[PDB]
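Below: the structure, in structure tokens.
In each ligand, atom 1 is the first atom listed, and ligand 1 is the first ligand listed. All chains are named by letter (A, B, ...) in the order of the sequence lines, taking the proteins before the strands, and each is independently numbered beginning at 1.
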Amino acid sequence: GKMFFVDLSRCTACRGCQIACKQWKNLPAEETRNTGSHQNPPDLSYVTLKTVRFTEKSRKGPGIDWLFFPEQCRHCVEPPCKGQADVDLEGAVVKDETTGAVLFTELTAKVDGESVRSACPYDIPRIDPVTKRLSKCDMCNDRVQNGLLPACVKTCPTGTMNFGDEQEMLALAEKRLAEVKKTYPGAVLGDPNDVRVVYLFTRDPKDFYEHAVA
Amino acid sequence: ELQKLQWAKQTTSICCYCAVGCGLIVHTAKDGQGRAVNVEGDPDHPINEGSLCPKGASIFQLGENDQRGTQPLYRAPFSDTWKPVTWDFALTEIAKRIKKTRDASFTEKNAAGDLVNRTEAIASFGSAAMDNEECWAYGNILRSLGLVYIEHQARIXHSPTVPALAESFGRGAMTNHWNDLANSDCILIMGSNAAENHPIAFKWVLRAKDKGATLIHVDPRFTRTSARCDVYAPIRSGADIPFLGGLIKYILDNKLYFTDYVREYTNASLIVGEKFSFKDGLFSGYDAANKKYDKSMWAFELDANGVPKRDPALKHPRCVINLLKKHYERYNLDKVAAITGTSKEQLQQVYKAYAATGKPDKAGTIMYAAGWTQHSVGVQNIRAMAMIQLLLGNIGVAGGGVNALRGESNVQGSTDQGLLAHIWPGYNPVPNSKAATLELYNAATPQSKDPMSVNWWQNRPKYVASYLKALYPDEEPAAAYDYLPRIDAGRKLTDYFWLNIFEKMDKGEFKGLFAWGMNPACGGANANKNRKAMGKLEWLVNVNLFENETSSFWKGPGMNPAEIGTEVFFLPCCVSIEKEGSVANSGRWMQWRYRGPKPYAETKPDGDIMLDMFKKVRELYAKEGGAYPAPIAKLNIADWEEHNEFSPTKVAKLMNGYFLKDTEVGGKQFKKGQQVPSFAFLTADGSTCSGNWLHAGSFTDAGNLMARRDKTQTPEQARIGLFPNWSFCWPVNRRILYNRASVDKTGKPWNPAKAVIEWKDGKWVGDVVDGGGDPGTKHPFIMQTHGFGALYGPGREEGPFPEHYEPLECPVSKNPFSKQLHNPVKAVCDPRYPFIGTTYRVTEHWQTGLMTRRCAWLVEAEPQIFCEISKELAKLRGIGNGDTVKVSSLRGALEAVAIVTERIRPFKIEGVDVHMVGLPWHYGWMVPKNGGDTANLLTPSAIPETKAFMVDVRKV
Ligand SMILES: Nc1nc2c(c(=O)[nH]1)N[C@H]1C(S)=C(S)[C@@H](COP(=O)(O)OP(=O)(O)OC[C@H]3O[C@@H](n4cnc5c(=O)[nH]c(N)nc54)[C@H](O)[C@@H]3O)O[C@H]1N2
Ligand SMILES: Nc1nc2c(c(=O)[nH]1)N[C@H]1C(S)=C(S)[C@@H](COP(=O)(O)OP(=O)(O)OC[C@H]3O[C@@H](n4cnc5c(=O)[nH]c(N)nc54)[C@H](O)[C@@H]3O)O[C@H]1N2
Ligand code: SF4
Ligand code: SF4
Ligand code: SF4
Ligand code: SF4
Ligand SMILES: [Cl-]
Ligand SMILES: [Cl-]
Ligand SMILES: [S]
Ligand SMILES: [W+6]
């Protein structure tokens with residue numbers, strides 16, 4: 001019954017959310033190098049549930065369109081990753097009836113993780129090269145059940161990150177798409193009837209990232 | 001229940017990074033008895049509302065960090081390793097080196113035979129990162145030992161702001177506060193990258209846009225800030241005064257000024273003396289010999305009372321407004337567009353968007369920091385913006401102000417405690433050698449014969465006396481005045497500041513340096529000169545969280561420990577969440593934070609380190625005697641400690657101050673020992689003490705107002721976000737400074753939907769009124785001698801009006817506004833170095849990176865030093881995105897990853913393309929691996945020139 005509404009017309013790429021994901025779960029940092037981008041880590045991994053993707057797009061006149069994409073599992077209303085794993089060992093991937101969270105369990109070490117990733121139209125699942133566990137955003141289902149905002153949402157200072165009941169979050173996305181279209185005429189909602197993380201893009205979702213939308 | 005937090009005590013804290021002052025919640029193991037288990041944002045905090053940028057968000061990893069110092073370390077002369085040692089060893093041995101150097105070097109009288117009672121063989125750096133009580137105690141310790149070379153961050157950050165805004169409005173501080181940004185109708189961010197460098201500010205800037213504001217970024221680079229602004233406008237480095245000059249001409253030409261505001265509240269109507277002139281780039285009173293001006297030549301024509309003359313009709317051609325109209329007529333769009341490299345169309349759009357706030361019921365604000373303060377312009381640059389804000393009636397109003405964004409969490413407070421060489425706490429000047437008595441000191445304060453000019457600084461004698469009583473409660477103030485050291489009257493005031501301390505150090509004219517919560521081996525410009533220069537110290541005290549490029553300069557790049565004879569003590573201080581006290585944010589909000597965990601290992605609060613160190617100096621003097629001991633013996637440290645440790649609470653109460661006796665003041669009776677309720681009840685006669693008159697009203701009999709966490713608001717308060725019951729700001733909880741200017745002469749707001757104050761049933765309602773008195777009875781700028789917002793500023797070295805003098809020496813050969821190219825009050829420009837280097841910040845790192853280079857999540861995001869270049873300079877030098885590059889200059893060279901980006905574009909200067917290359921100064925050699933060294937290997941030390949310096953860039 002819960003939805004994130006992520007208004008990318010408000011993102012400063014401050015990367016609060018990225019750090020706050022790790023601090024809450026006490027995840028480790030990757031070995032990183034600068035390869036000619038601010039972006040880092042360069043991709044999701046077993047230890048990185050969220051990264052902010054930076055894309056520079058040319059525009060006529062001064063400046064650029066600098067597209068910011070803080071990427072996480074979309075918590076699909078119809079989880080393709082479950083469907084894929086449920087026919088190898090049922091229970092490795094679960095849906096919380098309460099929140100709508102899609103959660104990967106310890107039993108994902110006993111499936112074709114690799115083929116659970118392929119089923120994911122958003123290329124989200126990541127594999128531990130040791131335990132063969134699958135990791136991804138778990139919606140801070142911990143905190144939500146206790147009636148806390150997820151860490152990435154409470155930390156965001158711009159109004160980009162928003163969370164709550166589907167009805168209220170859909171209503172808000174609807175209303176906010178209308179106001180944002182005044183500044184960014186080509187603004188669209190990502191897969192807004194399929195997912196529980198509804199991104200507002202300022203333009204073609206595919207400019208933000210190859211797998212932004214299904 | 002969340003298992004992570006279930007058995008942890010929860011306390012509130014305040015971010016230990018930038019001056020937004022974000023609220024934290026800390027969770028400490030064993031209900032207080034263990035380590036911190038969690039740090040995230042405080043959801044009830046009215047500034048951040050629970051949100052944190054990645055610096056605040058990662059504070060858990062800063063605190064619970066296994067790379068942190070555990071115990072003092074000792075480095076022996078010519079040694080090549082540390083030896084771990086006791087507190088008692090390092091402190092007693094330190095107390096010795098202090099007494100040795102002092103007794104040896106202490107001077108009772110200068111060459112001229114004037115009493116000075118000081119030592120010039122010890123200098124101190126730091127710090128804007130200690131608590132306010134630690135800053136205030138630190139300062140008073142350094143001054144009892146007779147130091148004059150006392151400095152911190154503030155001098156490079158915002159030393160142009162304090163005089164520019166003090167000249168303009170009568171105070172140096174940010175005029176409004178962070179929440180008030182949401183009330184603006186137009187937001188101009190110029191010389192600031194606030195979305196990266198004050199990230200939670202963008203909560204309020206974007207709420208301003210939600211309510212119909214235009215957001216404007218004027219920057220030579222396209223940033224994370226630019227991406228969320230309505231207007232991005234590029235400006236070549238140092239062309240800001242031409243830009244603000246055009247805007248001033250645009251506002252006058254188009255009659256967009258707020259006429260009544262200008263007539264009544266600015267000096268628009270004052271008549272300037274006939275001695276005032278400007279021609280071909282030089283004001284009158286110029287002396288070409290000394291490259292200096294005779295400011296007397298600029299004075300106002302006075303009436304026979306001593307009061308400057310006024311033509312309220314604004315007709316007299318020597319009216320300020322008429323002289324201003326005349327001065328800025330040379331700043332037309334063609335000249336301005338040519339030099340800024342901003343199109344005429346874009347200048348017109350920005351000018352129209354911003355001058356529209358000239359409307360009484362519209363407010364525009366400027367946000368700036370180091371893009372302005374670290375250029376040569378700087379002061380005249382900030383003066384221009386202040387003058388625009390007075391023309392538009394933007395000062396004193398909700399959504400208006402000059403929002404000078406302070407840097408470090410307590411740089412406002414460290415400045416307020418006088419951790420610069422020219423000021424005591426409360427901005428009372430350090431007496432010079434000619435100020436031979438307290439009476440003389442007090443005689444220097446200018447007076448006004450205008451019955452409508454409040455002229456508040458005339459109360460200075462009460463503040464200075466109350467101060468001397470706080471340090472020396474058993475001495476008469478006039479006697480206490482001889483204990484504290486004085487600077488030479490005959491001497492350039494800058495000869496005591498940061499840049500000169502490094503010059504003096506490199507000529508070995510210092511024995512001892514305190515590097516207290518600063519990392520100069522990375523922070524100071526021309527790092528290679530400084531790293532060498534620090535070798536010529538006899539001893540070094542570094543107080544920090546982690547071992548660093550300063551503590552360990554002696555084993556740095558191309559340094560041989562054996563050669564290097566400097567004795568180094570390394571004292572590990574605790575993190576913000578491990579101690580109690582207050583930090584003062586940019587908004588002047590003085591906010592109380594609490595201990596979460598106990599100090600890691602054997603680390604101590606700075607308050608315990610420096611107090612104990614001084615106790616070891618005191619008893620060393622008491623057993624051995626030595627140079628003029630009274631100032632050290634007599635100092636009242638009893639009031640600073642409780643249960644054998646530094647007491648934040650006690651120190652705070654002394655800073656507020658209390659009655660030393662039964663006293664009647666302002667027709668109230670007060671009992672001995674009662675806390676002073678406000679600076680309005682301080683006395684010059686020794687009835688009262690107060691370590692800082694600004695703090696008077698902060699910790700009253702009512703309690704510690706800095707620790708309030710009350711969101712109660714009247715409709716009018718809540719409409720503009722004053723939050724008067726959340727914590728306390730100086731002076732006396734006046735959230736928006738100069739708010740008397742926000743109302744007409746009947747006491748009605750210019751913009752009733754956003755009133756700051758309003759006159760209702762014989763009283764001011766809303767904010768605390770900035771100066772008592774009925775509507776229309778007082779000039780609104782009460783710290784000003786004359787009472788007015790100054791368009792014309794006859795106390796400024798470069799002239800009473802900002803004028804464009806080219807900051808960029810090398811690539812610019814002619815001035816479109818005069819025949820004075822450069823500033824009439826030495827850069828080689830070697831052609832081997834054809835590009836303009838600039839240094840600046842990213843969201844993820846902090847200052848030299850001493851702190852953030854030790855947090856794995858911050859290195860993860862930003863692991864290495866990078867060099868940002870245009871596609872044009874990439875194509876020209878044959879550099880690919882991600883290639884390793886060598887950036888070099890006369891001062892040094894380094895390696896960096898190329899970020900080729902359209903976010904940089906070449907400047908168009910005098911027919912030719914000039915390429916600008918950008919570096920972060922977040923990197924140093926200690927940590928992490930492959931991270932890189934400071935960008936300050938490249939910068940010169942000629943407040944230094946870090947935003948424009950000549951480099952070459954080559955592929956490796
Ligand atoms: N993340 C982070 N935040 C910080 C800090 C930090 O180290 N890291 N440090 C804090 C401190 S101590 C301070 S003083 C502040 C400083 O905060 P900022 O002033 O934002 O600091 P910078 O990023 O150095 O410079 C700001 C902008 O000025 C631009 N600029 C350069 N030259 C010019 C010029 O001639 N004109 C104009 N108009 N713009 C110019 C640069 O391109 C840059 O985008 O930030 C504080 N906050
Ligand atoms: N090239 C270039 N150089 C610059 C700048 C630039 O933009 N470009 N910026 C300039 C400016 S604006 C400034 S302010 C200076 C700042 O330069 P510095 O202040 O010299 O830099 P840091 O040491 O990183 O500043 C924060 C320090 O506070 C320490 N600290 C944190 N908490 C505590 C505490 O409780 N106690 C103590 N004792 N220390 C603590 C941290 O460990 C860290 O060392 O650098 C200047 N240098
Ligand atoms: S909802 Fe929780 S797990 Fe998912 S990205 Fe945000 S902080 Fe990480
Ligand atoms: S985004 Fe992918 S991993 Fe996440 S719920 Fe959807 S299919 Fe599953
Ligand atoms: S915390 Fe918010 S504003 Fe910052 S990068 Fe994440 S989503 Fe964007
Ligand atoms: S660094 Fe500044 S903006 Fe970021 S959390 Fe700390 S106070 Fe807030
Ligand atoms: Cl000064
Ligand atoms: Cl508001
Ligand atoms: S600062
Ligand atoms: W600074």
Side-chain angles (χ1 to χ4, degrees), chain A residues 14, chain B residues 17-20 46 53-55 128-129 153-163 166 172 179-184 189-199 201 204 207-208 211 217-226 233-241 243-244 340 367-379 381 398-399 404-409 411 420-423 429 493-494 497 523 586 718-723 754 797 807-808 836 838-849 851-852 858 862 868 903-904 916 918 920-922 943 946-948:
Chain A
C14 77
Chain B
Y17 287 113
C18 93
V20 167
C53 89
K55 297 193 303 299
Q153 291 93 338
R155 180 75 57 192
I156 308 148
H158 276 273
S159 58
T161 294
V162 177
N179 288 74
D180 187 58
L181 285 169
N183 302 309
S184 208
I189 311 160
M190 200 180 321
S192 140
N193 194 17
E196 307 195 48
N197 297 338
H198 302 90
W204 304 103
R207 271 184 213 163
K211 299 166 181 183
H217 198 206
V218 177
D219 199 296
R221 321 179 297 108
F222 197 88
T223 70
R224 301 183 222 175
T225 297
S226 317
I235 188 182
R236 78 87 171 146
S237 47
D240 294 280
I241 292 187
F243 190 101
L244 300 173
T340 55
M367 300 172 57
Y368 79 73
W372 274 10
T373 65
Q374 275 163 229
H375 275 269
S376 297
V377 276
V379 178
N381 203 335
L405 312 192
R406 263 52 199 193
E408 295 217 39
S409 58
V411 75
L420 301 173
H422 66 286
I423 44 170
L493 197 63
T494 41
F497 301 161
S586 199
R719 199 130 47 207
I720 59 165
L722 287 181
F723 289 92
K754 284 167 173 173
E797 298 313 328
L808 301 175
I836 297 172
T838 183
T839 61
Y840 50 66
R841 294 135 172 84
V842 295
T843 315
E844 291 85 5
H845 277 297
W846 186 245
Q847 307 287 62
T848 71
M851 294 175 78
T852 62
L858 299 184
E862 288 282 355
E868 305 193 303
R903 288 183 310 101
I904 312 296
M916 182 253 299
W921 66 286
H922 299 314
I943 182 148
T946 55
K947 292 267 171 278

Given [options], which one has a non-hydrogen atom that is nearest to [atom]?
{"atom": "atom 44 (O) of ligand 1", "options": "B/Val377, B/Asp219, B/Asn381", "result": "B/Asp219"}
{"atom": "atom 19 (O) of ligand 1", "options": "B/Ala370, B/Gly378, B/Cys53, B/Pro234", "result": "B/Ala370"}
{"atom": "atom 2 (C) of ligand 1", "options": "B/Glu408, B/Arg236, B/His845, B/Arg406", "result": "B/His845"}
{"atom": "atom 18 (P) of ligand 1", "options": "B/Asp240, B/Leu244, B/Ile235, B/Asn197", "result": "B/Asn197"}

Part of [X] within contact of ligand 1 (heavy atoms, under 4.0 Å):
{"X": "B/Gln374", "result": "neither"}
{"X": "B/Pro220", "result": "side chain"}
{"X": "B/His375", "result": "side chain"}

[X] N/O to ligand 1 N/O under 3.5 Å:
{"X": "B/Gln847", "result": "yes"}
{"X": "B/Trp921", "result": "no"}
{"X": "B/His158", "result": "no"}
{"X": "B/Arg841", "result": "yes"}
{"X": "B/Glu196", "result": "yes"}
{"X": "B/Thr843", "result": "yes"}

No-hydrogen, no-angle side-chain donor-acceptor test under 3.5 Å, B/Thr852 and B/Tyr17: no
For ligand 1, which atoms have a heavy atom of [X] less than 4.0 angstrom away?
{"X": "B/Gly371", "value": "19 (O), 28 (O), 30 (N), 33 (C), 34 (C), 35 (O), 36 (N), 40 (C)"}
{"X": "B/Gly238", "value": "34 (C), 35 (O)"}
{"X": "B/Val842", "value": "1 (N), 2 (C), 8 (N)"}
{"X": "B/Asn193", "value": "20 (O), 26 (C), 44 (O)"}
{"X": "B/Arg221", "value": "41 (C), 42 (O), 43 (C), 44 (O)"}
{"X": "B/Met190", "value": "38 (N)"}
{"X": "B/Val218", "value": "38 (N)"}

Quick one: [atom1] on [X] to [atom2] on [Y], what's the gap to the nearest 0.5 Å?
{"X": "B/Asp180", "Y": "B/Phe723", "atom1": "CG", "atom2": "CZ", "answer": "11.5 Å"}
{"X": "B/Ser237", "Y": "B/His375", "atom1": "OG", "atom2": "NE2", "answer": "5.0 Å"}
{"X": "B/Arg841", "Y": "B/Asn193", "atom1": "CZ", "atom2": "CG", "answer": "10.0 Å"}
{"X": "B/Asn179", "Y": "B/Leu722", "atom1": "CG", "atom2": "CG", "answer": "9.0 Å"}
{"X": "B/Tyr840", "Y": "B/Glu868", "atom1": "OH", "atom2": "CD", "answer": "3.5 Å"}
{"X": "B/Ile943", "Y": "B/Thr373", "atom1": "CD1", "atom2": "OG1", "answer": "5.5 Å"}

Just by distance, do the side chain of [X] and the backbone of [Y] share a donor-acceptor pair under 3.5 Å?
{"X": "B/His158", "Y": "B/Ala404", "value": "no"}
{"X": "B/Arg903", "Y": "B/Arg221", "value": "no"}
{"X": "B/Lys754", "Y": "B/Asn183", "value": "yes"}

Are B/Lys55 and ligand 1 in contact, using a heavy-atom cut-off of under 4.0 Å? yes
Check against side chain to side chain contact (heavy atoms under 4.5 Å, CB included), B/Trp846 and B/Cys18: CA-CA 9 Å; B/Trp846 186 245; B/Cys18 93; 3.8 Å; yes
Might you work through the side chain to side chain contact (heavy atoms under 4.5 Å, CB included) test for B/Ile836 and B/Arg236, ending with a clear yes or no? CA-CA 11 Å; B/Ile836 297 172; B/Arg236 78 87 171 146; over 6 Å; no
Using 4.0 Å as the upper bound for N to carboxylate O, is an ion pair formed by B/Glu844 and B/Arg224? yes
